[PDB]
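Step one of this worksheet: look at the structure below.
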Amino acid sequence: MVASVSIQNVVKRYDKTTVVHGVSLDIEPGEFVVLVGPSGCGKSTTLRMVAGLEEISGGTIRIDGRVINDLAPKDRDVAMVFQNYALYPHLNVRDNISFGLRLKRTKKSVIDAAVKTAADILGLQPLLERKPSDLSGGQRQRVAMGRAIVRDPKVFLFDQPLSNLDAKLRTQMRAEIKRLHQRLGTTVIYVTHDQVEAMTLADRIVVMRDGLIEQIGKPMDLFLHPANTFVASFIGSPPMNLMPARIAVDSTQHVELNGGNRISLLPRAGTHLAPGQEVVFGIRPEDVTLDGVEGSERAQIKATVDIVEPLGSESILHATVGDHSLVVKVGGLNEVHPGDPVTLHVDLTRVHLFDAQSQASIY
Amino acid sequence: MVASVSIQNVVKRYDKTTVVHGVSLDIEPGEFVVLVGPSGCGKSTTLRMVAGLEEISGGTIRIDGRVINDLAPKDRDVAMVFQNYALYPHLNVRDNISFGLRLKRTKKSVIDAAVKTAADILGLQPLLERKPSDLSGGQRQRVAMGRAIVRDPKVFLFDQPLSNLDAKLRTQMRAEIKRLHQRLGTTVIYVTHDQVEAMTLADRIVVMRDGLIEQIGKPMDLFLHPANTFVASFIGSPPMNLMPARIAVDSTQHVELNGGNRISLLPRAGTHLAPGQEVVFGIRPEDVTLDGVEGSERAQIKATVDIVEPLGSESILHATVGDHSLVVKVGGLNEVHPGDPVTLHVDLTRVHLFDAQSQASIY
Amino acid sequence: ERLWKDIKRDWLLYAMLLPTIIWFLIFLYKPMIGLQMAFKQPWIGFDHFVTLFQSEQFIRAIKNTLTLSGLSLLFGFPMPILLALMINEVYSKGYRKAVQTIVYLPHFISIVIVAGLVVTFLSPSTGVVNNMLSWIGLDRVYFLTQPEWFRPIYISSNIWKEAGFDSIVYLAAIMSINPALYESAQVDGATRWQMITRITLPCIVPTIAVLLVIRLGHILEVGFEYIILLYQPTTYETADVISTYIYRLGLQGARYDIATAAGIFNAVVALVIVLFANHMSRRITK
Amino acid sequence: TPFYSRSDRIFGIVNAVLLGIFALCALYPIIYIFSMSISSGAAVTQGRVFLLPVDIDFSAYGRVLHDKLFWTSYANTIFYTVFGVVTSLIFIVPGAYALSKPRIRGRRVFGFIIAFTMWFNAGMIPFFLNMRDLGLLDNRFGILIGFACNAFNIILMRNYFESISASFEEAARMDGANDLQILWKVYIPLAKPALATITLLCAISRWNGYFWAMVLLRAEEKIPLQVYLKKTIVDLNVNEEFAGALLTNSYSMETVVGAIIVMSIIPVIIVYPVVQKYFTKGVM
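Residue numbers (the deposited numbering), protein chains in the order written: chain D, 1 to 363; chain C, 1 to 363; chain A, 25 to 65, 76 to 320; chain B, 4 to 287.
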């Protein structure tokens, strides 16, 4: 019902190809945890291993006290919502949801109370007798969820559920999912290639590049304090500004980059930066402003504007410093006539530094 | 080269099915204009009619002084970038770009000079002898663009060019396109189902629902002053809050909605709205803040929180008033522990009102 | 180990595969055992090979075999491709549909009926063909007796029957090309003949290559059931083909060993010519 | 779509005409014998027809209608087609389903076994001999089980299975459904298009099948049409009975032949629309 799943040194091997390298994760009961990363990573492979659709080549994983490694998907007390339309197009909606349960138990199982709930949950009163052939992709994915929640498992499994859905739909289902977990509360593990769905839904986020596991933590931890330049570049609405820089004259005070520009640094304890150290200077577009309303003095950089893309009440500014360009998100709808120089003001507290070799979070 | 295209009462008819309803548009020379709307609209059909890939069932369209209605695509002085990979997978990249010009040949020097330019623009020099079979979708679409710009037409035609590309790629190409128009400057008409690309790239935006033409204007005009509830709901990063409301006691002063809430209104002369009039009250999520607008002089909306989705340094708040819910974008994270009541503060200047029958912009 | 673990999982799925495997073993691979018939009976053998090597009736059959194989490749194979192109260029919708139903239909007409259609059409003083010649004063010809007319009568009847149904594949291939390739070419001002040469055909080449190595696979057995029906004593010289020669001796003549051996010579070369086919195909064409 | 250039418009017209000409050539023999079958013996015997029926009299059909072997042999093909297909389906459809899922050890070698039969065959005689000592000669079931599995029809069926996302099977397994019950409940109604192209190719193969039928069969009552059709339609040597019937009737040999092949191809002309109706439903 509400259960904890522990994953210990789980590794999957195809031919010689050690796909996942012994990722270990412990999941609290009732917790919403999201696997997220680029493609060709074991995000799905991990999920599938939990479900039992793929064999465990090493390590152990268990739900509560039950070790499910040699178990069967039917007996694993799990339910899965697949990426592409796991509903059978011939059966009616009512029959599709109830499918797993009509294999065995009828007459004393009642089934009507359970379907009533799930019907009430996604709100499919008019759709009970309908067919997948005349349903929307979102409705198809909704009833697909009904299939899972009618099973009443210990763990919910999601493999890129909204991926095939349109953008307009993604924002609706995403609200509905978070809302659903508040209503129900069953333990759930969630897989996405989309950073957005991770930041929103998850209690904890775990990011995985190329079979390994990059970091774990609350949404704001990964956002505020990324482990490396990858975690830094992945999350956030625009990408964080990753350009190379150096140290030179002094260490804990000044940091200079290619644009013949120099930035004073906040002391931060536990820093230990080396003078002259090769480094990349990260900053977020929201943490960069124009000429400066307030300020000022030693907190900024000088640049020449490449382009400005008006979006909303906000606007996307592309400005060029050195051989590299940085992107700043400016608030408003004013005038940024491309080609002239401009002064940008960096927030000193939100700056991030990463070593060039040891790609990890120095500052 | 730099030319003006005028479209006058152009209408396309399939069987009896009058797809486009006599849309009329005049395009300035060197202007970037974007067609945008939902699916199943004549956005593409209009574009295709310009190209000459589809017949004109009525009305006339002309480039400069040339009436192209009965003309041929070859002689129309136009070039088109299609949605799906218009490049031939057998020919090499160099041969694909130069393809149109080797139809009549006429020299291997003349075509050789032209590709040099286009290659330099998009950085297609190292990829010259490569093949579409080993290229990225963005690179494929890049060389596809090279094909167009090597023709040196009077008008550029784009049919959902970035639609099949991934999100990460869309933001890169979108910058490159705007940047390209600054470099070159040829007249261009652009088609998208994505609101974002419209707001960014376009000098003027023309929105089309179901064959008709909904509105024309600069990006900020459609954003600040939508013609109807559709234009209002379409553009903007989140959707604008469209819930129903009324007038009652007095007119130009107060407006009340279903949440047992009442909003004082700014006078805005030339409005002349009637008391009791059925209306829908629009507001943008960025134009709504929390209780931190200090004590609420005008007696703002009251609400109860549904869910809160943390995104970036910003957060998406779902709050529930009456039978309907409104979405406000708050900068922060804070304590918004869902289920408790909350006070939201509406910006009075940015409010929008639309009649229930005449779906258009009253306020 | 691994194996035993899956075999329990897939047992039901592993079940289905067996009867199909049983069948192929029994009706296909088990007769392959009978290939030892190269020794009449008590073994040998390899001699009747040199006897099959020397025959004036045989050596012409193989001489006729690869001969017929040439014309079939020349006229027969490219025609459905042609038909495919000719259909693809047809506007007017249903008119094209009408052509397709008409042209495809003869495929469903039985080969023995086709043969009958030939003998009743080409019969002297009776057959409509000869009659139409007498109308314009071409006199009359007895077609089935003349060795001169045998092959032209065959390949023309074959393309009547099968060239339409074979055109479906090529037609279906050129329908899979995204219009963007054509539309962008029309924008550059390509012409219908320019298109089919520079894009349509090149795009369809992987299809025509695959179908060719299949066509070459059966290239020695071409026209078996047709020939065996219609070939007269006078046309025995030109009409007789290895496959026929094999039949006559194997079943009719009841000589097994020398046939089965002559069967090998036909089977190996066929297996040879498809290998030389597949190589040059995959290699040069993708 | 958009018309225009002369280098097209002219080309486009001469294409439709040439294709039209070819189309008429292809439809010509079919309307001929249809008319010739209806015509009168005396008419066909010299100058007439060429397109339309002439002296009618409808007498040739009466002969074949009272021919027992004709109707006997017709029945045999209907038997052979119906049961022959089903025997093929039962041997192929599940067989390919197994061949589709690449969790099978034999997937490599079993595929080779089947597919190898394509490009190399034991030959004519060894097949016949194996038919002999299997006791399947002159036996209907021998014809049915004799030709059921084709390599082509298998790998085509496995490809369509493989083409289907495994998520259906996976979802079924998560719900507890195991193998064969997955095949029948979901994968088969999903496979209807592949099912079509197969049951069709096997059908026509049985209906128009001639050689191995007339070779493996002896008893005339087991003969499947086209075998019996061979005798009357091509060989064209007949009993004195039919010769005696020629003068007392006024139909001809040719007119009878015409009527026979007409009655022979009607069910074929019948399934063809069924065939056509079948493939363009959007099938993957």
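Backbone N, C-alpha and C define an ideal beta-carbon position, used for all residues, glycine too.
Asked                                                                                                                         : Found
Beta-carbon neighbours of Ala72 (chain C), restricted to chain B and to distances below 9 Å                                   : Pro5, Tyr7, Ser8
Residues bridged to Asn242 (chain B) (per DSSP)                                                                               : DSSP lists no partner for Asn242 (chain B).
Enclosing beta strand (DSSP E) for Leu35 (chain D) [first to last residue]                                                    : 32 to 36
Cross-strand partners of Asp355 (chain D) (DSSP beta bridge)                                                                  : D:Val279
Chain-ordered neighbours of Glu257 (chain B) on chain A, where CB pairs are closer than 7 Å                                   : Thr154, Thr160
Interface flag, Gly179 (chain B) vs chain E, CB-CB below 7 Å                                                                  : In summary, chain E is missing from the structure at hand, where the protein chains are D, C, A and B.
Every unbroken beta strand (DSSP E) within the stretch 50 to 111 of chain D, with a cutoff of 3 residues, ordered by chain    : 58 to 63, 78 to 81
Range covered by the beta strand (DSSP E) that runs through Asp306 (chain C)                                                  : 302 to 310
Cβ-Cβ separation, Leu86 (chain A) to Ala296 (chain A) (assumed contact under 8 Å), whole Å                                    : 5 Å
Contact list for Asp11 (chain B) against chain A, beta-carbon separation under 8 Å                                            : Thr225, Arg226
Chain-ordered residues of the stretch 237 to 259 of chain A with a beta carbon less than 9 Å from chain C                     : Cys237, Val239
Sequence-distant residues of its chain with Cβ nearer than 6 Å to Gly331 (chain D) (five each side left out)                  : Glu314
Proximity test, Cβ basis, 7 Å: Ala118 (chain C) and chain A                                                                   : no
Top-ranked residue by Cα proximity to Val137 (chain A), from A:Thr160, A:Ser218, A:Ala288, A:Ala197                           : A:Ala197
Status (buried if at least 16 other CB within 10 Å, exposed otherwise) for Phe310 (chain A)                                   : exposed
Nonlocal neighbours in the same chain, by C-beta distance under 8 Å from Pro275 (chain C), ignoring five residues either side : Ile247, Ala248, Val249, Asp250, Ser251
Under 7 Å (Cβ pairs) to chain C, residues found in the stretch 191 to 221 of chain A                                          : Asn212, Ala214, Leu215, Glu217, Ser218, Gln220, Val221
Three or more C-beta pairs below 8 Å linking the stretch 207 to 214 of chain B and the stretch 74 to 90 of chain B            : yes
Interface partners of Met80 (chain D) on chain B, CB under 9 Å                                                                : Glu173, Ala174, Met177
Contact with chain B by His90 (chain D), beta-carbon distance below 7 Å                                                       : yes
Length of the line joining the Cα atoms of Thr117 (chain C) and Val143 (chain C)                                              : 13 Å
Identity of the residue in A:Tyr279, A:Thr154, A:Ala301, A:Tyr38 nearest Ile262 (chain A) by Cα                               : A:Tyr279
For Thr343 (chain D), three-class secondary structure by DSSP                                                                 : strand
Contacting residues, own chain, Cβ-Cβ under 7 Å from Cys41 (chain D) (five flanking each side not counted)                    : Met208, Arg209, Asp210, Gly211
Closer than 7 Å to chain C by CB, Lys218 (chain D)                                                                            : no
Which of helix, strand or coil DSSP assigns to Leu128 (chain C)                                                               : coil
Chain-ordered chain B contacts of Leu53 (chain C) [CB-CB under 8 Å]                                                           : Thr4, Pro5
Under 7 Å from the C-beta of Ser103 (chain B): neighbouring residues of chain D                                               : Per Cβ cutoff of 7 Å: no residues; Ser103 (chain B) is ~17 Å from chain D at best.
The stretch 154 to 162 of chain A in contact with the stretch 119 to 136 of chain A per 3-pair CB rule at 8 Å                 : no
Interface flag, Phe94 (chain B) vs chain A, CB-CB below 7 Å                                                                   : yes
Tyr265 (chain A): first and last residue of the uninterrupted beta strand (DSSP E) it sits in                                 : That residue, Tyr265 (chain A), is in no beta strand (DSSP E); it is neither H nor E in DSSP.
Segments assigned beta strand (DSSP E), at least 3 residues, entirely inside the stretch 182 to 223 of chain B                : none
Candidates B:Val260, B:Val88, B:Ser170: closest to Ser42 (chain B) by CA position                                             : B:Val260
Proximal residues of chain D, C-beta to C-beta of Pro192 (chain B) below 7 Å                                                  : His90
Inter-residue spacing [alpha-carbon to alpha-carbon] between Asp64 (chain D) and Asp70 (chain D)                              : 15 Å
Short CB-CB distance (under 7 Å) between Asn84 (chain C) and chain A                                                          : yes
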